[PDB]
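Data block below; observations after.
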Amino acid sequence: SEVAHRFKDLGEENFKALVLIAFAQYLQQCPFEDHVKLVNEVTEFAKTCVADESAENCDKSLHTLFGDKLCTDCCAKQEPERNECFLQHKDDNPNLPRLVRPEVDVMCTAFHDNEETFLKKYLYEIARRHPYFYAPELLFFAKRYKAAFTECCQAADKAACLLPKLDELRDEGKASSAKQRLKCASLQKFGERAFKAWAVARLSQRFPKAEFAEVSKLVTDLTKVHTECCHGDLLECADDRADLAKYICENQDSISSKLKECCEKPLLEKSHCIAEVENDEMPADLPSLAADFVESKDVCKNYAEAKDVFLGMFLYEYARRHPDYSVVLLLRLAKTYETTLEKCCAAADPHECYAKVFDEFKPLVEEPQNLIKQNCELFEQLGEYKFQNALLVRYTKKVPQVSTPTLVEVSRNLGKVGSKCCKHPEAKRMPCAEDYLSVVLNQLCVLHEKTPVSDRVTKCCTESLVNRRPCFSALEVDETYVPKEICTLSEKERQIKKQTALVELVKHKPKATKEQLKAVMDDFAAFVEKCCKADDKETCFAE
Ligand SMILES: [Pt+2]
Ligand SMILES: [Pt+2]
């Protein structure tokens with residue numbers, strides 16, 4: 001039996017949570033209580049199988065069990081079609097109510113009143129809103145969500161304790177979710193071959209000192225971990241993640257110097273810690289690449305005898321000595337390299353043909369460096385909010401077909417690059433910026449996927465995972481596009497209206513001038529300012 005093998009390895013507590021997540025991600029509209037029942041059933045039944053591994057129905061695969069309980073058009077179908085069904089019925093942008101915390105004391109009452117139902121409530125509410133959230137991590141998040149209610153519902157000021165943590169958790173969760181979503185899209189839309197390269201790139205950067213052989217292994221195991229979490233095999237995802245976190249730490253010496261602190265801590269902490277570690281120190285005298293990948297007489301041979309292992313050895317070798325480069329860059333270079341080997345090793349003298357393959361890189365490297373230098377100059381020259389509006393406008397013109405809420409949402413997140421990254425030294429900027437941008441752009445891509453309007457966005461999204469940022473950056477304003485025919489709010493709130501309006505304002509006269517925007521923007525802000533001052537406000541808002 002299988003249920004048991006998991007229940008055992010994961011423990012009831014975590015089992016129970018995961019199983020919840022699994023469900024709330026699959027059916028996002030279905031009410032809270034409705035799930036908890038299904039959970040508890042599954043949980044009781046598991047226990048039976050723990051007692052009698054040869055009991056009735058314990059012979060089944062988790063998918064079948066889960067799908068079944070859930071089913072109490074997809075349900076008219078059977079494994080595996082059925083599961084793929086639910087997997088493809090996942091909604092990235094549910095019409096689910098805005099999430100809002102009732103007054104502190106109200107929560108602090110409920111937390112002591114019913115501590116379990118309370119956490120299950122949290123997992124439930126997040127999971128249905130982030131159907132691709134990294135299940136294991138969501139546990140970390142939940143424990144740290146408990147830890148704040150434990151403390152802050154037990155102090156002088158609750159509000160100035162609790163809320164400040166919850167603002168940090170929402171932020172962090174939003175990032176993790178978005179980051180994970182990229183992982184899942186990479187896998188599902190570009191296949192594992194592609195994710196593998198990504199991993200090989202990133203891990204070679206986290207763990208420079210590690211021999212290729214080790215990195216390949218890690219990449220395998222990790223790819224397995226994610227594949228599962230994205231295919232909705234969360235239980236196994238978490239176990240496998242654990243087993244991996246346990247592996248890494250045993251062999252620490254051969255991986256990184258940095259892991260010690262991480263490896264010392266509990267199951268949940270360390271998996272996150274590790275995920276988040278700093279890059280190990282760049283090893284000393286590493287023979288220049290060119291020797292083995294340009295000067296060698298056996299390039300054209302090794303690319304024949306093992307293109308994958310060779311190109312991997314390459315990606316590895318280049319990545320480990322470039323923590324300054326984005327992953328997506330490194331991938332591009334890798335692609336350029338593959339490409340060029342292809343053409344050259346079909347020539348008269350290949351040694352000659354490919355000999356200059358590094359010259360090809362200068363462009364691909366520079367194109368990003370400039371772009372970052374410039375909008376970091378810009379960022380510091382504008383500050384984050386204003387900075388967001390420039391991106392807003394820039395992009396809105398590029399893709400005036402995209403829904404306003406999406407435009408706002410994405411723009412704003414593009415905005416944070418500046419504050420996130422521009423404070424770092426150049427050395428650490430690009431991998432910060434570009435790879436963050438690659439996440440944000442993926443949010444666009446998926447939100448867009450749902451309800452497609454703009455062949456340009458689609459082109460960029462589907463054509464190549466790695467070249468998206470350049471594809472988008474490239475885009476000039478859309479000429480084809482046919483122009484489109486409260487006071488008691490927080491700053492962040494006011495911002496999102498103003499911005500929302502800004503988009504409509506651009507959609508109205510795309511061939512606007514920054515000045516005749518300044519003019520309309522201001523006008524309207526003044527309008528709202530006056531109509532806030534009061535009388536019969538609504539009578540004022542008459543226009
Ligand atoms: Pt959220
Ligand atoms: Pt090698």
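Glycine also receives a Cβ, built like all others from the backbone with ideal geometry; neighbour counts cover every protein chain displayed. We did not get these values from a lab; they are worked out from the coordinates using the rules stated.
Compute the distance in nm between two label points, each set 7 Å from the Cα along the Cα-to-Cβ direction, one at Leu382 and one at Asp34.
Calculated label separation equals 4.3 nm.
Find the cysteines in the chain that fail to meet the 4.7 Å Cβ criterion with every other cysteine, and list them.
When partners are defined as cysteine Cβ atoms under 4.7 Å apart, the chain leaves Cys30 without one.
If R₀ is 22 angstrom, what is the calculated FRET efficiency for the pair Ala348 and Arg193, using the beta carbon separation as r and rounding to 0.05? Please report the intermediate quantities before stating the final value.
Working: r = 31 Å, r/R0 = 1.42.
The computed FRET efficiency comes out at 0.10.
With no solvent and one point per C-alpha, what does the Debye sum give as log10 I(q)/I(0) for the chain at q = 0.09, 0.10, 0.13 Å⁻¹?
These q points yield log10 I(q)/I(0) values of -0.80, -0.98, -1.47.
Extent of the stretch 289-366 along each principal axis, from alpha carbon coordinates, in Å, largest to smallest?
Sorted largest first, the three principal extents are 35, 24, 19 Å.
Dipole size in debye (nearest 20) for the stretch 30-122 around its Cα centre, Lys and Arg Cβ +1, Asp and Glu Cβ -1? Walk me through the numbers before you get to the answer.
Numbers: 11 positive and 20 negative charges, 56 e Å.
My answer is approximately 280 debye.
Find which of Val520, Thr488, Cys540 sits farthest along the positive direction of the dipole of the stretch 486-543, computed with +1 on the beta-carbon of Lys and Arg, -1 on that of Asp and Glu, about the Cα centre.
Highest projection toward the positive end goes to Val520.
Which entries in the list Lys189/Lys420; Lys196/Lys260; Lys373/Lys428; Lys143/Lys260; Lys143/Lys174 go over 19 Å, if you measure between the two C-alpha atoms of each?
Numbers: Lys189/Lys420 28 Å; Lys196/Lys260 26 Å; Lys373/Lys428 12 Å; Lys143/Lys260 22 Å; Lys143/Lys174 17 Å.
Distance filter (> 19 Å) returns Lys189/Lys420; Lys196/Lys260; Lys143/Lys260.
Taking the Cα centre of the stretch 289-366 as origin, work out the dipole magnitude from +1 charges on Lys and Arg Cβ and -1 charges on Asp and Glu Cβ, in debye rounded to 20.
Details: 10 positive and 14 negative charges, 33 e Å.
Roughly 160 debye, rounded to the nearest 20.
Averaging the inverse of every distinct alpha carbon separation and then flipping it gives the Kirkwood radius. What is it for the stretch 486-543, in angstrom units?
On the way: mean 1/r = 0.0806 Å⁻¹.
Kirkwood hydrodynamic radius for the stretch 486-543: 12.4 Å.
Considering the options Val42, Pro31, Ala213, tell which one lies farthest towards the positive end of the dipole of the chain, charges being +1 on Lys and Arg and -1 on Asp and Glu at the Cβ, about the Cα centre.
About the Cα centre, the residue reaching furthest to the positive side is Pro31.
Just name one of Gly312, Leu407, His63: the one whose Cα is farthest towards the positive end of the charge dipole of the chain (beta-carbon charges, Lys/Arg +1, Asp/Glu -1).
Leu407
Rounded to the nearest 0.05, what FRET efficiency do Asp359 and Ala525 give with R0 = 56 Å and r taken as the Cβ-Cβ distance? Could you check? Don't jump to the answer; show the numbers that get you there.
Working: r = 51 Å, r/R0 = 0.91.
So, using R0 = 56 Å, E works out to roughly 0.65.
When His5, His112 are ordered from fewest to most other Cβ atoms inside 10 Å of their Cβ, what list results?
Ordered by Cβ neighbours within 10 Å, fewest first: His112, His5.
Please give the contour-minus-distance gain from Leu289 to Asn251: 0.36 nm per residue of separation, less the Cα-Cα distance, rounded to one decimal in nm. Walk me through the numbers on the way to the answer.
Working: separation 38, 0.36 × 38 = 13.68 nm, distance 2.73 nm.
Going from the current span to full extension adds 11.0 nm.
Which length gain, in nm to one decimal place, applies between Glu479 and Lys209 when the Cα-Cα distance is subtracted from 0.36 nm times their residue separation? If you can, show how the numbers build up before the last one.
Values: separation 270, 0.36 × 270 = 97.20 nm, distance 5.09 nm.
Between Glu479 and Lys209, full extension yields 92.1 nm more.
Can you compute log10 of I(q)/I(0) for the stretch 104-186 with the Debye formula, treating each Cα as one identical point scatterer, at q = 0.14, 0.25 Å⁻¹?
Debye intensities relative to I(0), on a log10 scale: -0.49, -1.23.
Rounded to the nearest 20 Debye, what is the dipole magnitude of the chain about its Cα centre when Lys and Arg each give +1 and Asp and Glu each give -1 at the C-beta? Intermediate results must be reported in sequence, preceding the final value.
Numbers: 79 positive and 92 negative charges, 325 e Å.
Roughly 1560 debye, rounded to the nearest 20.
With labels modelled as points extended 7 Å from the Cα through the Cβ direction, what inter-label distance (nm, one decimal) is found for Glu44 paired with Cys161?
Placing both labels 7 Å beyond Cα along the Cβ direction yields 3.8 nm.
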